[PDB]
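Tertiary structure, described
Spelled out, the chains give:
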Amino acid sequence: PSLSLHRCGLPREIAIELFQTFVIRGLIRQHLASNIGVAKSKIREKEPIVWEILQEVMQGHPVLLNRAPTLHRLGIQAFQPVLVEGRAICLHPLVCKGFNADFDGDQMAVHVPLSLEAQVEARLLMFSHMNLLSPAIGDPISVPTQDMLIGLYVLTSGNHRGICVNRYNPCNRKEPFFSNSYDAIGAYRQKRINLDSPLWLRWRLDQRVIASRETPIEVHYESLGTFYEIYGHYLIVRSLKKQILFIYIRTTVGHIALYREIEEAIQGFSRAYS
Amino acid sequence: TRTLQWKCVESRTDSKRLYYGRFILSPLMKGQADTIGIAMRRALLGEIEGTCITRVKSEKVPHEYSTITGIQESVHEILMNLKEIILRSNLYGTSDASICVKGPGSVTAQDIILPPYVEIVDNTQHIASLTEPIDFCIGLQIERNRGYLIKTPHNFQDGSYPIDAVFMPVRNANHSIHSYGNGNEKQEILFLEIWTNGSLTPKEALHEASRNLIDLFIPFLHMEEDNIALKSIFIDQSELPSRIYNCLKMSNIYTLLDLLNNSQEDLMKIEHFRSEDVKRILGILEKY
Amino acid sequence: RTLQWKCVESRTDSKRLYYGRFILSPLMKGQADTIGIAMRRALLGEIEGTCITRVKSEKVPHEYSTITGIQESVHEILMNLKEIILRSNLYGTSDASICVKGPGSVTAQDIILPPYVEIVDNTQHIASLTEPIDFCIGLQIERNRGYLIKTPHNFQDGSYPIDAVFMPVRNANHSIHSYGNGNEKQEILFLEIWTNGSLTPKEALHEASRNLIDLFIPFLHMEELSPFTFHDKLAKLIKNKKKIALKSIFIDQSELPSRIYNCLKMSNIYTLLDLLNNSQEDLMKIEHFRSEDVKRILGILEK
Amino acid sequence: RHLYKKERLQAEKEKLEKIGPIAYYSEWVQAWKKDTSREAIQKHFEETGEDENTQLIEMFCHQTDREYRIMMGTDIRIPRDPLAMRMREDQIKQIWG
Amino acid sequence: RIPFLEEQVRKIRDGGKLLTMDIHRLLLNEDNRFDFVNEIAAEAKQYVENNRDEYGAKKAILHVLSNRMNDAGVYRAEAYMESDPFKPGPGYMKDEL
Amino acid sequence: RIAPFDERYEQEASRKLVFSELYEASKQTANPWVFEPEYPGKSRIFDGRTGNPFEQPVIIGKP
Amino acid sequence: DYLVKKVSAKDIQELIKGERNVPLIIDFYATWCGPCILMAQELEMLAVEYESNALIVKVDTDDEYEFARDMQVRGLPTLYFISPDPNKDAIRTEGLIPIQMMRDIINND
Amino acid sequence: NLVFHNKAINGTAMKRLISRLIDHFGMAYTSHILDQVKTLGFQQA
Amino acid sequence: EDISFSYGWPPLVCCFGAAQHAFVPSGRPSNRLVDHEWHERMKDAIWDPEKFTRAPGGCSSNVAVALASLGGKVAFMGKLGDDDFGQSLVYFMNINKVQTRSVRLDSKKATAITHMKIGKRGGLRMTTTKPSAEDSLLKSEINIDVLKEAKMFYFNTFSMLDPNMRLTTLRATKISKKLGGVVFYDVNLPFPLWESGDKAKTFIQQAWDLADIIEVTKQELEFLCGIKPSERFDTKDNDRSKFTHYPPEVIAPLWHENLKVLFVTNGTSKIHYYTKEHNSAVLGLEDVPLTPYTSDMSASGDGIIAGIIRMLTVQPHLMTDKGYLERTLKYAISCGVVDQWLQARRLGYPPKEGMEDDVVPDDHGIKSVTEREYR
RNA sequence: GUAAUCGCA
Ligand SMILES: [Mg+2]
Ligand SMILES: [Zn+2]
């Protein structure tokens, strides 16, 4: 679950057999093995330098994984093998739908492209980041499915709004105000506010919150000219000059967390490009 | 090798209110890196004390949210601006401050009068903007706590608006583990990333968190100077008067052991149980 | 008004099972959970013990066979020796042996130990002899941490390696109850430790605390085992090559007035190399500085 | 149900703040028979010099494991519904029938 | 500039997503991807034929992609090959979970 | 050792049996957690890494 | 064993009174002090480097307090260097010192 | 420029959002966005 | 005046005593709070000294290094030599962020070489030959610029031994007191000053009157007064006959007008503070990993003094407050324990009976794990 | 090398 779309876990006992000729060439090139026989004996002896050479060999080599029920064109893909200590081939979770794979006993095959043209083809065409739409109707094939969907639904579900949150009518008679999303996330990490606890977040004149076409439930207009417009999910204070002074969104830490993580993913991608 | 060393691999100053530093701990056995990282994060986020404004006094403002003549912004706005001011101090207890800017000046900033102990970190912070000739006289109370967010001296007795104050100087902290293993031996490396608000450097925050954890884990080492067959023996077998027998039955006492556990005062408590009865049961028990 | 700890209960349910309960009553709001989780992670995985790691048998073909005169196979004898609790405070490998004869039951009491190692239970069932036979076996005792995988299966003949778990603490638990002090949200901490007889729960608590302090100490050392390391470093810096000894020269040694010295110290400029790398415009940039001091510092640097 | 659960929790918190820590935690230490009022605690402190912490530790020293385990319902991390904590076996048996 | 985006960019650079970004950027300037693949293959074959001993731990295809990225004004490490400065010693390899 | 189709005796026979045995365990060994009156069969566990409790109760058993 | 040996104050007085052809190095040490325990290793290495050219002796300060007091012993890790010539002056070094400085001292003066 | 959602997110909503992200930012940015979303989802679950 | 221009918030502390490496002024038998059961259960592994003896402190250089490590701004005033050892000490002080602008380097005098004369019969030595640049410091060589910015002055009794150095340190103290600073006097009686109590008092009678804060140890307090120590000093129990808080009436005769707080420290196990209006004692931990090198307990006193100076200098107005003094004592005990742990970890254990370890120049040391072997 | 039979997902 901690692999990237381009990386896949590969066991070492398989990699040493697949890339055996490459590690033999490595042992011959460096001053570690005189001949092919001594290099093969050293590889059989499981010397520590052999694993280092194996890692250095496959840092830029693509691996072609495939499944027995290859119904669609996404049955065979390409990943970057990462050396692991085990006997089970690790796979990224988001890529399971494509292979119709479940970890209930399924097995997969591995293929190593020898020629340079085959390596270029595997690295450019057959990678996962280049195939995110099914060839049937052009719909996203890699999406959160079972547990990530549950987490996202818990994040964006909401809060008890009506009789569930209060026992008596508030007529006889939310509280936290955060200037930045970072402050609210830090307060949630410090257990100051719960996940579903309502709060107010100040926004810098964007009005990107999707909501119903509903008029303000109540509008407060003072003598000096500043009128407060209370909506269902946000408060928009303005002045006599028809100038939007302040905007406060009423939400929970989950929605702001999802928005911030998506925005920061985009911004980190843009920054890492440079 | 065999000696734990730390080194600051990265450090930068994005602004006067934001700092970043990354640290390392090369020699670590398996299982120690995660525990050390969690403890250091908890210490950085909860055990580091900060200095901030906890109170305000606005004699001119008669409301929590209102527009004064030349302030040009709401009192709530100036309070939210005041709560974002970072301060550096080593205060013990509470103190007082004051800002007495009296002019049509465009901006009110770094005009707060502070005792020597307290200091400001960023002067460019914007408190308010006076658009008309007016006397801005606000009183401020500053406190230092180990992340005690809730502190109210008088609970708004006088014309004082309590300000929500977070005493956490460290903005964010995170840890990662890199496991390098050669054959049988496996070594782990801990990477600590610290973001501070400018009151202290990430290295000083690391040192303070380490000392706080040590002080937390010391008191455990402190030392102070110095100057059954009764279950099977039910009360039914022992010959007892009917009244005390029924009383013991009602008091959920069925075996001798139970009676023995019960004390004389407790036995006396049972309804209808006379003091002489305590004698009778004691005598019958001593007979055995 | 203070910070105190005491042992609530001490229970010896068996010679290989102990129970202890401790209370840290006057604890503040956010310290209780940190102390609890740290003590839990320390008691489980950061406490080390001693166990049998290697067994040498005299005349057995393999470890999956039966020897006449003993009710248990070699594998059962190895599994029984695997659960032998020992107590030791020194690292390294030591040698033990078992020399019993005649019909009966061989237990941990028959084991002869070095003076440093001791047995706790002293009555554990190693094997059962139903005939007059001479039972001689060799044992290697080692002190380590965590669990050890029996990697050298192919090794010197006649010696079988048994995997060992060096975890003395069986289980641990903590609970945080409030103190009801009004505004100051203080809480009470409780700790439950289950050891196996090698060390008492109080000793386990103290060892876990000392291990946590030892782990957190290195952050208070200087940034990267002899008392004369600084002299050797300075000698190497001055002897090896120039532009490295320049780093060893600070603003302190360079005669300077108090104003410029304090301003450069506030500007995080300590060595002469930092002063040389910094530009004159950057020197003028700092507050409480003038063009006059620039000529002074340049002249005394040229001098 | 969440409203009534939170109301019972708040009532229990108020009772703990009012009666005191020793008197509140005295319900799970049946082997301690002494006056748990704040006046008696202050009198004992004036007489011997032991604050509320020392007397509370001495009280907890006379608590059974069995009782301790029950007291854990009062943990601040996982507070249990006081109504469920103080229910009777007759009512609990009606849960499944 | 987001304040807490250091580790994310660091991990993006270290993992190898830079290669995917560069591949997308170089495919955004090509009509047919198959001809681009064939051209990259031919250039890598020429690079290998020119210097055999140079490669073996450094990939010629990554070298071609890095040269094409550097010639476009974007600085990229040669063949996208970086070494871990925090390595403990020889024979010690990191375990990537 | 339970024969299948225990619901021939009554309704929710398996549920009654399971809840009754859990209560008894909770009373006899005084571990209140085994039977929670609010959510029978579910308990609230903690995280080994951080030490913070999980929000919702989880099913704890020994299959 | 160790070339440095424990000597009483009386034999030290006898040695300083009688003439000698080798420099006399006297080390005041106490079991308790930590630095002195290290200094002993430097003294042993120096005695190894100078097998018969110099003589290195040590005296316990706790057992002989008056003798150290009259010799102006201000601190525990102190070393007294006595030149062979009865006309030259004695050299007293206070604190833990490098072995190279001790070699330079016993060579030059 | 991204919208702020104050409603429950489901599988169809996630598929719509992923399709729109693929259309706007391309597959390259969508890969990293999806990885971060998966990480946050697993963490919250 | 550069006061408003560049003084800075942490006020500067000035150390005047001396710069030396691993120096111990004196040592007296003392007692320690330790768990005797844990010691007897691990007698083989742990290093426990047969007779426990601790030192009042180290040198002013170690105090400055510790105070700088605690975050405070320290300045060391003194004089060294142009030899390699003096330059190494200066580099060690500078690398630890200690201001050495007031450190003077002269080639004519050596750093630690004290030429002395044989003297008359009876072993009576004399130091009239030549000082060691640690007792040589002219009054004109005092840097007034440091004393102006300094709001605290720290010196020791080891300096006052030499008549010229005593006059120099008295001039420095009076100049600081006239330029408005509080004098911290840490009395650490060297070995020769333990002969007679009256002579030791008269010797330190020029001190003890120009200082505001004085730190004394329990043994030194008993020596200065008429109290004779009556303790077993080696029994494996804490019987409340040690670590005793003396009544204020015993402290009263040695009190003076300018005195504000008096500290009595029996190691890091218990620190007693005495004030004109109140008196109390705070206990502390002293059961720490001890090696033969760390047996002296020198770093503990340095850490205690550094923590006390840091806490007092930050809020000078609260020097007489009870709660602030209690916090200061707790912080000092914590700093002393931390410094003892750091010295035990930095300087390991001497090699055991089997010593086949690679040796550094004139030294060889192993770790705690290496020392805890079977043979 | 071919069959038979079972399993796998
Ligand atoms: Mg399947
Ligand atoms: Zn059923």
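Reading guide: rules and limits
Residues numbered from 1 in each chain as written, not as in the entry; some residues may be left out. Chains lettered and ligands numbered in written order. Part of a larger assembly, values for the part shown. Heavy atoms only, no water. Residues with missing side-chain atoms left out of burial classes, pairs and counts. Contact = heavy atoms within 4.5 Å. Donors = N, O, S within 2.8 Å, 3.2 Å for Na, K, Ca; no water. Tetrahedral: all angles 85-135°; square planar, octahedral: opposite > 155°, others 65-115°. Buried < 20%, exposed > 50% of the residue type's maximum accessible area, 1.4 Å probe, protein only. Helix = DSSP H or I, 4+ residues; strand = E, 2+ residues; numbered from the N terminus. Nonpolar A, V, L, I, M, F, W, Y, C, P; charged D, E, K, R; others polar. Pairing = 2+ DSSP bridges.

Per the deposited record, the coordinates in this entry were obtained by cryo-EM to a resolution of 2.8 Å.

Bringing the arrangement of the chains into the picture now. Contact between chain D and chain E is absent, and the minimum C-alpha spacing across the pair is 30 Å. These two, chain A and chain G, are apart from each other, with no contact and a minimum C-alpha gap of 40 Å.

A separate point is the coordination of the magnesium ion (ligand 1). Residues and elements named next belong to chain A. Protein-derived coordination of the magnesium ion (ligand 1) comes from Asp102 (OD), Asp102 (OD), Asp104 (OD), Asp104 (OD) and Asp106 (OD), at a distance range of 2.0 to 2.8 Å. Each of the 6 donor atoms around the magnesium ion (ligand 1) contributes to a set of angles spanning 55 to 150°, which defines the coordination as irregular. Counting along the primary sequence, the residues that act as donors to the magnesium ion (ligand 1) give the motif D-x1-D-x1-D. Among the residues examined, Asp104 registers a relative accessible area of 58% and is labelled exposed.

This paragraph deals with the interface of chain G and chain I. Between chain G and chain I, the residue contacts involve 38 residues of the former and 38 residues of the latter. At the level of elements, α2 (34-49), α3 (65-70), β4 (78-82), β5 (90-94) and α4 (99-108) of chain G are the ones that each hand at least two residues to the side of chain G that touches chain I. Here the element with the most residues in the side of chain G that touches chain I is α2 of chain G; it accounts for 7 residues. Looking at the side of chain G that touches chain I residue by residue, the classes come out as 21 nonpolar, 8 polar and 9 charged. In this sheet, strand β7 (residues 113-117) of chain I lies alongside β5 of chain G in antiparallel orientation, the contact comprising 4 bridges. Within β7 of chain I, the position partnered with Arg92 of chain G by the bridge is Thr114 of chain I.

What follows concerns the interface of chain H and chain A. Taken together, the contact pairs 34 residues of chain H with 48 residues of chain A. Counting residues per element, the ones that place at least two in the side of chain H that touches chain A are α1 (11-24) and α2 (26-44) of chain H. Counting residues per element, the side of chain H that touches chain A draws most heavily on α2 of chain H, at 15 residues. Tallied by class, residues from the side of chain H that touches chain A come to 19 nonpolar, 11 polar and 4 charged.

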